[PDB]
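Novice: Sequence, then the experimental structure. Questions to follow.
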Amino acid sequence: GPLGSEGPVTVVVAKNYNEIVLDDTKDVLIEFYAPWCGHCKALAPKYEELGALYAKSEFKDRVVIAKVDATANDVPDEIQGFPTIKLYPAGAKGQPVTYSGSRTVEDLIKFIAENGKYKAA
């Protein structure tokens, strides 16, 4: 049926991050960010290219690239390092892979691929 619309990576706010990023249906990579975070602005290229490929290649119904505004949405988890990249596997949604977030897609693949249960790589 219908496929595609706007923004590949599922930017799930803290409001739904427990419904989309915390879903055991697949491995979800949540990248906490902000609107003024120059870092996220550099991480988006990978989030749109990876997210798009993850949501439009051979895993669109599998490991999904998620995001959330750590400054626009009150998350239930604390963050000592802004931004952050938590990976909620499809089995370990209770002890995700909290991260700092870098500017590399290769590390992302190996991320949910070594951090993920689905091993999307």
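Specialist: Perfect, thanks for sending it. Residues are numbered from 1 along each chain as shown.
Novice: mind listing the helices for this protein?
Specialist: 40-54, 105-114 (DSSP state H).
Novice: Need the contact partners of the shortest one.
Specialist: Meaning helix 105-114. 27, 29, 46, 49-50, 63, 65, 85, 87, 89, 97, 99, 118-121 (CB atoms under 8 Å, 6 or more residues apart in numbering). C-beta: built from backbone N, CA, C; applies to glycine.
Novice: mind redoing it with 7 Å?
Specialist: 27, 29, 46, 49, 50, 63, 87, 119, 120, 121 (CB atoms under 7 Å, 6 or more residues apart in numbering).
Novice: How about stretch 10-17?
Specialist: By CB under 7 Å, 6+ apart, the residues outside stretch 10-17 that reach it are 20, 21, 30, 64, 65, 66, 67, 68, 69, 73, 74, 75.
Novice: Of the contacts of helix 105-114, which pair is most distant in space?
Specialist: Farthest-apart pair in these is 49 and 119; separation 20.1 Å (CB to CB).
Novice: picking that back up, in a markdown table, list the helices of the chain along with distance to residue 16 and mean neighbour count.
Specialist: A markdown table is the format used below for the helices of the chain (distance: least, CB to CB, whole Å; neighbours: other CB atoms under 10 Å):
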| stretch | distance to residue 16 | mean neighbour count |
| --- | --- | --- |
| helix 40-54 | 16 | 18 |
| helix 105-114 | 19 | 18 |
